[PDB]
Trainee: 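Quick one: this structure, given as structure tokens, is what I'll be asking you about.
Chain letters run A, B, ... following the sequence lines, proteins first and then strands; every chain starts at 1.
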Amino acid sequence: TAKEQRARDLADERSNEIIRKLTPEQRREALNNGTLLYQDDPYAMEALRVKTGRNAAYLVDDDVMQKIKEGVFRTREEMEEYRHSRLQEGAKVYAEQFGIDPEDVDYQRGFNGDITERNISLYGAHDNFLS
Amino acid sequence: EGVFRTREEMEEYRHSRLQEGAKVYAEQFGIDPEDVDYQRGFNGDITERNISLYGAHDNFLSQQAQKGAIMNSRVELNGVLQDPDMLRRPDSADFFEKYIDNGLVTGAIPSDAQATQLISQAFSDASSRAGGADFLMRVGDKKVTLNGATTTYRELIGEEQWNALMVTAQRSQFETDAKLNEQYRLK
Amino acid sequence: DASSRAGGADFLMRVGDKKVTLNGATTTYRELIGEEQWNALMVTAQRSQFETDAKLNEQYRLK
């Protein structure tokens, strides 16, 4: 509907405004005290958590990509094990950094999105090195 | 350019400049910096821009780490392989072989390409020092595993490349020391 | 530049033993340059005085 689309647009705007300001430490300290911008808007909080998850997912993926390009993993199994372990730990590591429950549905929606495409990209990058 | 040597430094600079530039470009056009439309324009796609900056910085961090690893290896090897008396002992060749193997096993040397660069620069340094011919002659018969193949250090280098390295190591003593050249020529 | 000037050999010989930190590694200026590259730089610095000054070359050769 028009009202829902307007609400989602305003939520995206407010989440962007929160993200620009409020250094991760500031966001974490203002989440506890309740003095967060637009904290009374559930849509804005959902959008903020999804975008945080997306940023965390990119930061986790780029480490594995750089290690693949350096030539660290000499076998595919080694790369897969490292990727799985870092994918498990980075979710939490980037979750409590922003004061977010790592098991939130919105944070996981951001963090897990397009996992197949990212895995395919890593697989191709590693296959070149293996060849 | 390579200004930020750590991710935290880049993040701090980015946050500070992001806070100040909004105002700096707001009063330039006579706009209230807290306007909803100006902020809608200024904050748009902030996540994508942050991701782009993060990737651009990660490339630099990787290349910087590689350079630092190369130089740290050179510094650490000169602790044993710089004295001409240390170079003439077989335990120095054993030390170099074990250093390369241990670095490859424990991940101190993370790549085979980096190990190849370390080996090349170590041999180049040893070719330019007194007693380096003995060290290189002893280490040419020791084993190394790279790219899934186990060779000797003489087989890893070419045969003609090894012969050229040997000639350089043997003859460099008379180019970096005029005393030896004078003594032998006068004799 | 120092390799091409009189007295640059002394300067380079003294500065080769001083420390510098680059790319997260602390080395000496002689270690930052290669060993063979440092030797070539030393030879250039020592011999350039007789190529940029004909007076010195003439004096030494006549002596």
Side-chain angles (χ1 to χ4, degrees), chain A residues 6 9-27 37-38 44 47-75 78-79 82 90 94 97-98 110-111 113-114 118 121 125-126 129-131, chain B residues 7-8 11-23 33-67 69-70 104-105 107-117 145-149:
Chain A
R6 170 219 41 82
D9 276 17
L10 183 63
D12 175 274
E13 183 178 1
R14 292 174 167 170
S15 53
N16 277 342
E17 177 176 351
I18 288 169
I19 287 170
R20 168 176 71 85
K21 304 177 271 194
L22 269 72
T23 289
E25 190 276 331
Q26 304 184 249
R27 267 168 62 176
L37 285 174
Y38 320 101
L48 175 69
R49 289 195 297 266
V50 170
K51 293 169 189 194
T52 310
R54 277 160 51 198
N55 195 82
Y58 180 83
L59 277 191
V60 164
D61 277 5
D62 211 35
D63 172 44
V64 194
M65 183 55 89
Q66 298 292 331
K67 273 189 176 51
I68 279 158
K69 277 185 295 206
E70 289 162 14
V72 166
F73 319 112
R74 294 144 169 88
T75 47
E78 203 180 327
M79 191 270 287
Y82 179 94
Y94 290 108
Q97 183 178 340
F98 290 94
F111 193 85
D114 291 331
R118 296 147 48 183
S121 180
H126 193 235
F129 164 82
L130 282 183
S131 290
Chain B
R7 186 187 271 173
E8 295 59 44
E11 284 172 329
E12 293 179 353
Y13 179 94
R14 154 76 157 172
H15 179 263
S16 296
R17 267 61 196 182
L18 205 55
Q19 298 320 307
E20 66 183 1
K23 293 187 286 185
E34 292 295 291
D35 211 45
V36 298
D37 314 309
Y38 176 78
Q39 286 171 318
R40 169 163 49 243
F42 193 85
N43 306 305
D45 291 331
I46 181 72
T47 308
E48 284 74 32
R49 296 147 48 183
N50 282 342
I51 279 171
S52 180
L53 295 178
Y54 274 129
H57 193 235
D58 283 5
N59 284 337
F60 164 82
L61 282 183
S62 290
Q63 63 84 30
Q64 167 196 55
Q66 184 178 2
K67 288 184 175 67
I70 298 290
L104 281 174
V105 175
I109 304 160
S111 297
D112 288 328
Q114 178 155 311
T116 304
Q117 300 185 45
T145 301
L146 296 163
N147 295 293

Trainee: Return the minimal non-hydrogen interatomic distance between A:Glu70 and B:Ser111, and the atom names on each side.
Mentor: O-OG, 2.7 Å
Trainee: Can you check side-chain contact (heavy atoms from CB on, under 4.5 Å) on A:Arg74 and B:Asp112, steps first, answer last?
Mentor: CA-CA 9 Å; A:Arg74 294 144 169 88; B:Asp112 288 328; 3.3 Å; yes
Trainee: In the structure I gave you, are the side-chain heavy atoms of B:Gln39 and A:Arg14 within less than 4.5 Å of one another anywhere?
Mentor: no
Trainee: Working to the nearest 0.5 angstrom, can you tell me the gap between A:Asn16 CG and B:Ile46 CD1?
Mentor: 7.0 Å
Trainee: Should the pair A:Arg54-B:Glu48 be classified as a salt bridge under the 4.0 Å nitrogen-to-oxygen rule?
Mentor: yes
Trainee: Would you check if the side chain of B:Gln19 reaches a backbone N or O of A:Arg20 as a donor-acceptor pair within less than 3.5 Å?
Mentor: yes
Trainee: Would you mind checking which part of B:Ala22 comes under 4.5 Å of any heavy atom in chain A, side chain (CB onward), backbone (N, CA, C, O), both or neither?
Mentor: side chain
Trainee: Please answer whether the main-chain N or O of A:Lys51 pairs with a side-chain N or O of B:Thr47 as donor and acceptor at a distance below 3.5 Å.
Mentor: no
Trainee: Quick check: closest heavy atoms across B:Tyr54 and A:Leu59, and the distance to 0.1 Å?
Mentor: CG-CD2, 3.9 Å
Trainee: Is it true that atom NZ of B:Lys23 has more than 12 heavy atoms of other residues, nucleotides or ligands lying nearer than 6.0 Å?
Mentor: no
Trainee: Give, as side chain, backbone, both or neither, the part of A:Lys67 having an atom under 4.5 angstrom from any heavy atom of chain B.
Mentor: neither
Trainee: Quick check on A:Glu13 against chain B: is it the side chain, the backbone, both or neither that has a heavy atom closer than 4.5 Å?
Mentor: side chain
Trainee: Is it the side chain or the backbone of B:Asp45 that comes within 4.5 Å of chain A heavy atoms, both, or neither?
Mentor: backbone
Trainee: Using heavy-atom distances under 4.5 Å, tell me whether A:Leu22 contacts chain B through its side chain, its backbone, both, or neither.
Mentor: backbone
Trainee: Tell me, for B:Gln63 versus chain A, whether the close heavy atoms (under 4.5 Å) come from the side chain, the backbone, both or neither.
Mentor: neither
Trainee: Which value, rounded to the nearest 0.5 Å, describes the distance between B:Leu61 atom CG and A:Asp63 atom CG?
Mentor: 11.0 Å
Trainee: Let's test your reading of the structure: which of A:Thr23, A:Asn55, A:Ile19 forms the most heavy-atom pairs below 4.5 Å with chain B?
Mentor: A:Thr23
Trainee: Decide yes or no for B:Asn59 and A:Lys69: does some side-chain heavy atom of the first lie under 4.5 Å from some side-chain heavy atom of the second?
Mentor: yes
